[PDB]
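# my complex, first installment, coordinates as in the assembly:
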Amino acid sequence: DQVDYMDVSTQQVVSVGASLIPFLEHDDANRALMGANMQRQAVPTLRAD
């Protein structure tokens, strides 16, 4: 009964960089950080996949 509010979505705690990592919850937070930083560096290939 005391609940005054609820989180709108489960993604709201992260940003648009770490929200693109599937199975983030199973990754060590350092490795999620590195995964996002490295998604920011990926070069566009000839064809998207």
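Received, thanks. Residues are numbered from 1 along each chain as shown, chains lettered A, B, ... in the order given.

# And the helices in chain A?
According to DSSP state H, chain A carries its helices in the segments A:29-39.

# Strands of that one, residue ranges please.
Counting by DSSP state E, chain A has no strands at all.

# How much space separates residue A:32 from residue A:16?
13 Å (Cβ to Cβ, to the nearest Å). Where C-beta positions appear, they are placed from N, C-alpha and C, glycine not excepted.

# Please apply the same query to residue A:29.
For residue A:29 relative to residue A:16 (Cβ to Cβ), the value is 17 Å.

# Same drill for residue A:32 and residue A:16, tell me which one is more crowded.
More crowded of residue A:32 and residue A:16, by other Cβ atoms under 10 Å: residue A:32, with 17 against 8.

# my guess is the more buried one contacts residue A:24, does it?
Yes. Counting by Cβ atoms under 8 Å, residue A:32 does reach residue A:24; the two are 5.5 Å apart.

# CA atoms of stretch A:13-28 as PDB?
Presented in PDB, the C-alpha positions along stretch A:13-28 are these (Å, rounded to 0.1, in the frame of the first residue of the first chain):
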ATOM      1  CA  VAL A  13      18.600   3.200 -15.200                       C
ATOM      2  CA  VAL A  14      21.000   3.000 -18.200                       C
ATOM      3  CA  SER A  15      21.700   5.200 -21.200                       C
ATOM      4  CA  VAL A  16      21.300   4.600 -25.000                       C
ATOM      5  CA  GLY A  17      24.800   3.100 -25.100                       C
ATOM      6  CA  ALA A  18      24.500   0.300 -22.500                       C
ATOM      7  CA  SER A  19      20.800  -0.300 -23.400                       C
ATOM      8  CA  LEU A  20      22.000  -1.800 -26.700                       C
ATOM      9  CA  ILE A  21      23.900  -4.600 -25.000                       C
ATOM     10  CA  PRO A  22      21.900  -7.900 -24.800                       C
ATOM     11  CA  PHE A  23      22.100  -9.800 -21.600                       C
ATOM     12  CA  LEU A  24      23.700  -6.700 -19.900                       C
ATOM     13  CA  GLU A  25      22.700  -8.000 -16.500                       C
ATOM     14  CA  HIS A  26      25.000 -11.000 -16.900                       C
ATOM     15  CA  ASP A  27      28.000  -8.800 -17.700                       C
ATOM     16  CA  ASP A  28      30.400  -7.400 -15.100                       C
END
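
# Chain B should go on the structure too:
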Amino acid sequence: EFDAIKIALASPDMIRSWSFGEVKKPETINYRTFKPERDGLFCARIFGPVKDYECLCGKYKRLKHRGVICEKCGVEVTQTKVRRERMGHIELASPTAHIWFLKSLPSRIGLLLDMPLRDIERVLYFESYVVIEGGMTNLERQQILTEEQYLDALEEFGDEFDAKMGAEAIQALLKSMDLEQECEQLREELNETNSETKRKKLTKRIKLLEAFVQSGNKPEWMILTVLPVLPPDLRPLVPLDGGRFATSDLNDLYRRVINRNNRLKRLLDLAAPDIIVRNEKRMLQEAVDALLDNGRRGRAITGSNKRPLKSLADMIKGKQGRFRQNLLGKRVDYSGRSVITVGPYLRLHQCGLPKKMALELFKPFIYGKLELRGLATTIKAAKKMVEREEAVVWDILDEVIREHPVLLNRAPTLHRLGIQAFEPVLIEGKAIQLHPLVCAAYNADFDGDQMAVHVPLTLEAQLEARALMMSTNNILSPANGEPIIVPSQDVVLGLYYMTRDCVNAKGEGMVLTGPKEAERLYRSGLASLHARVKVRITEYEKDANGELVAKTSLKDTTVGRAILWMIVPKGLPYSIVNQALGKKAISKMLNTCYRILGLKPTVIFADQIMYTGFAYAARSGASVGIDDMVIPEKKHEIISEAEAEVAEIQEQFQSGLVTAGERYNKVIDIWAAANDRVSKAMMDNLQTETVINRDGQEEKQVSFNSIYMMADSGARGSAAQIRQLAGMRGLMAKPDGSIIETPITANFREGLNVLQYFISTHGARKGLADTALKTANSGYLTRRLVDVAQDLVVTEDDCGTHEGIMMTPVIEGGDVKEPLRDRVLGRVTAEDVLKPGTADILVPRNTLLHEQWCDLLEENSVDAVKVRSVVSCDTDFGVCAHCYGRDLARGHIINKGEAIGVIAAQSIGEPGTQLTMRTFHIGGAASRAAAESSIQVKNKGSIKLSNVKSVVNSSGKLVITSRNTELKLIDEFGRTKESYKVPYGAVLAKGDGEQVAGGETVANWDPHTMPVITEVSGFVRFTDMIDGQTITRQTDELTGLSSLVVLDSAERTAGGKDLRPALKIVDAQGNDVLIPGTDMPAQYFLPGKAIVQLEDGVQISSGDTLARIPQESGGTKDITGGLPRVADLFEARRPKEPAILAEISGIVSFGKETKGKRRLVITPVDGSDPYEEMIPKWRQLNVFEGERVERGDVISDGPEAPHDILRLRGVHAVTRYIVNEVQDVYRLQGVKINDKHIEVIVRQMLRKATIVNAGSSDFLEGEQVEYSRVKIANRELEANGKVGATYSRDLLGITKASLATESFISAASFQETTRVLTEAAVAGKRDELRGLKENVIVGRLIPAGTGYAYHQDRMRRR
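Just below you will find chain B, in place on the chains above:
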């Protein structure tokens, strides 16, 4: 050419001698024509021609006019190289004070005039007057007059009277001082004084005055009248994109000093009013100060973009200055960089170098080969051939790369194995292929790492690379004896899979005719790699005089073990490959091969190990899945039990039974226990997971699970990371080393919901911050260690010293960590080790303790060996080979010349930095123990106690009332088998000298609180306490009782600051109950935040806890928090509550007890009775009025200052203390460092000594001089009939020891370049450049390696 560097003050005559022409105009370039101005900062007649052998106006443009000076403009036709070294000068309109000597802190000018810095600053910058030649007036010499005082003096003392203002006044004061006369008065006053602070000031003044007198300097030269000007090419104007030139910094400063100087000259030409010229003089002084050292005075003047200009001081000092940017480390030609790859096919001595970098690096060699073979007569032709990459220059490249080593270096060269020489193999690619084995040495993973290739050019450099730096020579780490080329992760996994067994596999039980048969069976598919069989193995034992003796037998082994045996060399035993062969097993295998066979067999064995491990790891197909991280079935119930425990502890806390800190500690400990239980259950379910049978009953075996198979083998990961994968991942730690009491209940195979993935980010932020922010501490520490210990080089082979240190096995409170085998290995003994039985010489006096001698000691069960230490060496300027011991990079004694100081500094500094940057490898999980609370003896044996003063309580249980009680489990042979630390206030089940059996506790206590147990019985009195400010009392009205907490110095009131709450035990009549047979009351002082649950006047018994102080939490105990302790140890920091020791032995007596600062007195038997000590009465005293005391005995408890240990217990005591203290920190982190490095660092710390009696020598009374110099002077004196001067050794921090060195170049390159240079200039110091750093800076052969012979020859041929 030269052999020393002389530094001294630059007199105006000397400055004029340097300069080739006065600079007069503040213009550099016309900005329309790029020619230099007439007589500006950039000039041609002053500084030289712009172009080589060409006049400015073009009158002469050829070498035929080399020397003549054109009359049209006046430019000496010569090369432009001179323009790089031709200085100029500026004739300052008024004298100007040099800022360095004004604000050096201490200020040279300030204390040469015996004037405070504030007043001399006021005088210099034209805000007050100072009197010169006061004469028969109402004015003193150094007295100061403001504008009002100056007006009063002028109107009242218009007669002969001089009170100047500004730098001219200071120069007049300096010139009007007789240095020797002042020395006489200051010295005779020092002998006729009584104070101590004034004594220090007077002796400092005398030292400065004597430094000035001895050197050729003069005081007035400290005030600049002629300002030198740097040669233009060192402050160049380089064109920027467009017409605009580079906005140089020195040019602006020089050009706004000429402006003020010219303005002031013009004003003085026309006799401007005094105020305007005064302000102009002040501005000139400020401009010169900014030029010499910008920002030192304040208001760092900033150019365009508001960036402070880089002054000369800023250019020579700091990390971006010349010393640490262009002289100690330089950019080098013949160097390239590239990403690194694996290339497993390489041998240990070769590296894959790309063809393109190979061509680009070896261009001159290719040109030489082309000229030699006649394919290109002129170098232009050869260059053209190379740039086209013709088919023939590649053959030249292969021919010239054959036997030309290349250095490969990774960026953080933490230790000497970060740069190693390899033979290049030309590779078709763009990445360097680096051997897998050396990666561990480089710390080079292949996830984007880059490495740099350098090419040795000269024959000496190539041979040094081939014979010193080849990867096949660096088998053993220089920090310890362990191998460094141990196979890392894939090879060890392959070997672990190969050498293993299961109860039932293909081809089990069959008898094989040899390893070759085993390999044939495995390849043919008839037998599994891991199946128990019998194999006829022939092993070679060389127990004879170097003769390998064969021995054939039938070993019960496996197919994989037999196959691997084909790779082992001859001399090794078979049992070396009859185990699971984890990573440690393989490391021991390589080490034993090295010690028994040699180097080449070890290199070949390592290469074959790598190949076979890779091959069989590939064959095994060892993969990782999601079903391999099996969750334990006991995890949930452990979690529930821990949650019930935290719930009940919280319930107790809300009732007030416990305070917040101890509740937090208890929660942390119970969660750590639950995490350990979960990890243990996980490993139990994981290791024996597989039960396999098809021939009868079930038989358990060690699991083939991939996660376990990789964790057990030591390939990658440990208990912590697999625990986080499968078991609960436990507590986290914040960046400030604070543990989040909320655990994480889910592993990584399970979710980690949003809330749990928010606590984790705290630990992840901690791990990444410690990598990027707290690595500067490790780097700074290792730089200090290197710069304090760099000149220390092995010089002699044996000094013939019989002194040493007693090495014993170390048991810090648990089981043996480093047995005597590892503490005396490869070190020369000091005295004969007598057999433990009866006075039988077991090893001679000067035998190096190698493996056989250590095993002999083990089988004879020796407990303590005295060995020669570096710190106890009688060699001047170095260390003989014997006192150092084994090289630890090779198996022999240290070679005569090898630089052990740099090696020691690197060895001590590398693990700290590496672990600091590796802290993020466990996420952020806190490393925690169970907090003990008991002592479970494991083995039968007697129990003895040392440093113990215990009392029996009401229940007959012995209670320890001492701080440093050591409980030793001794064996029936008298050997101390175990040690334990008994905290102050522990209850002992057994007593002293009482037998015990394994597995039964002998001591228990409460780790979260420090009690205040008494010594006698009686009633309790809250003496010298007042409610409100001395204690905070909490009233329990419903119960009717009350509690109270002592509030620490922070909380108590300043009014009545010194109120000491104490519990005084008193008898029924109301008088203090004296402790047994003494003369002082039995009162116990309460420290801050002490929880007293008693009530005034309550009956108590002996051995009862009056109060309990919460012990406060200790955060994550990793390297990041322990490294500061090492830094404090090597810096010799005085602890905040040092233990007071007894200077002299004798009987003890308390004296006046003056004011709450009780006086102690030690009266020897017949020596100096009247020695006295001032001991505050608020701290405890161990010794009272009755007993003997040896010097260096503890009068009170607490941390011991290393200075006191050195002064009282001696050099060996302090070096042992430092070694043990730092080794505790490095053992906690699992760092293996030989004590040789710490011992040599300690030696470098205690390298100075202060004289106490001048004796017959020429030293002063209380000066500090190099211990080596005083020792050699005493040796020379005792050679004749005189008597040497007695000295006292001092302990200095690494920073102070490095800065306080005979050579000013080494200290200048180190911190405090300004201060070091100022002191050197004032003292007129002379540097012999006999160290390593000085020779690096100067650019000559190092006196450590191959250059040691050259330097010795030069000394002989001086």
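
# Which residue is the nearest non-sequential neighbour of residue B:236?
Nearest non-adjacent residue to residue B:236, counting by Cβ to Cβ, 6 or more residues apart in numbering or on different chains: residue B:248, 7.2 Å away.

# what's residue B:446 in contact with, if anything?
B:340-342, B:434, B:439 (Cβ atoms under 8 Å, 6 or more residues apart in numbering or on different chains).

# And those, which is closest to residue B:324?
Within those, the smallest distance to residue B:324 is 27.6 Å, found for residue B:340 (Cβ to Cβ).

# Relative to chain A, which residue of the stretch 501-650 of chain B is the closest?
residue B:626 (9.4 Å; Cβ to the nearest Cβ).

# wouldn't that residue be in contact with residue B:750 here?
No. Between residue B:626 and residue B:750 there is no contact under Cβ under 8 Å: 11.4 Å.

# So these two - more neighbours on which side?
For residue B:626 versus residue B:750, the count of surrounding residues by other Cβ atoms under 10 Å in any protein chain shown is larger for residue B:750: 16 against 7.

# do you know how far that one is from chain A?
Relative to chain A, residue B:750 is positioned 8 Å away (Cβ to the nearest Cβ, to the nearest Å).

# Over to residue B:248?
Relative to chain A, and taking Cβ to the nearest Cβ, residue B:248 is found at 38 Å.

# Give me the number of neighbouring residues for that residue.
Neighbour number of residue B:248 under other Cβ under 10 Å is 19.

# circling back: could you pick out the buried ones from the contacts of residue B:446?
Buried members of the contacts of residue B:446, counted by 16 or more other Cβ atoms under 10 Å in any protein chain shown: B:340, B:342, B:434, B:439.

# Phi first, then psi, for the first one.
Going back to what we said before, that points to residue B:340. phi -110, psi 140 (degrees, to the nearest 10).

# who's in contact with it?
B:431-434, B:444, B:446, B:449-451.

# at 6 Å what do you get?
Neighbouring residues of residue B:340 by Cβ atoms under 6 Å, 6 or more residues apart in numbering or on different chains: B:432, B:434, B:449, B:451.

# same deal with the third one?
Listed by Cβ under 6 Å, 6+ apart, the contact set of residue B:434 reads residue B:340.

# put RNA strand C onto that model:
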RNA sequence: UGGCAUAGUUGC
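Now RNA strand C, sitting on the chains shown earlier:
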């Protein structure tokens, strides 16, 4: 044709 500043990034 080389210097400084700011920002971003890689390996430790």
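
# try the contacts of residue B:446 again now we have RNA strand C.
With the criterion set at Cβ under 6 Å, 6+ apart, residue B:446 makes contact with residue B:342.

# could you say which helix or strand contains it?
Per DSSP states H and E: residue B:446 is located in neither a helix nor a strand.

# State the distance from it to residue B:336.
Between residue B:446 and residue B:336 the computed distance is 18 Å (Cβ to Cβ).

# Assign residue B:137 to helix, strand or coil.
coil (DSSP: H, G, I helix; E, B strand; the rest coil).

# wait, doesn't it sit right on residue B:157?
Yes. Assessed by Cβ atoms under 6 Å, residue B:137 is found in contact with residue B:157 at 5.2 Å.

# Tell me how many other residues surround residue A:38.
As a burial measure, residue A:38 scores 11 neighbours (other Cβ under 10 Å).

# what do you get for residue B:32?
Residue B:32 has 7 neighbours, counted by other Cβ under 10 Å.

# show me the contacts for the residue lying closest to residue B:978 once chain neighbours are set aside.
Distances taken as Cβ to Cβ, 6+ apart place residue B:969 nearest to residue B:978, at 3.9 Å, with adjacent residues excluded. By Cβ under 6 Å, 6+ apart, the contact list for residue B:969 reads B:937, B:941, B:977-978.

# wait, which of these is closest to chain A?
Of all the contacts of residue B:969, chain A sits closest to residue B:978, with 38.5 Å by Cβ to the nearest Cβ.

# Now name the helix or strand holding the closest one.
Per DSSP H and E: strand B:976-982 holds residue B:978.

# Residues in contact with that strand: which ones?
Strand B:976-982 is contacted by residues B:811, B:813, B:935, B:939, B:941, B:960, B:965, B:967-971, B:1003 when judged by Cβ under 6 Å, 6+ apart.

# Out of these, give me the two with the largest separation.
Greatest spacing in the contacts of strand B:976-982, by Cβ to Cβ: B:960 and B:971 (22.9 Å).

# Is the residue nearest to residue B:978 bridged to anything, and to what?
residue B:943, residue B:978 (DSSP bridges).

# Next, count neighbours for the residue of chain B found nearest chain A.
Minimum separation of chain B from chain A (Cβ to the nearest Cβ) falls at residue B:764, amounting to 3.6 Å. Counted by other Cβ under 10 Å, the residues lying close to residue B:764 total 20.
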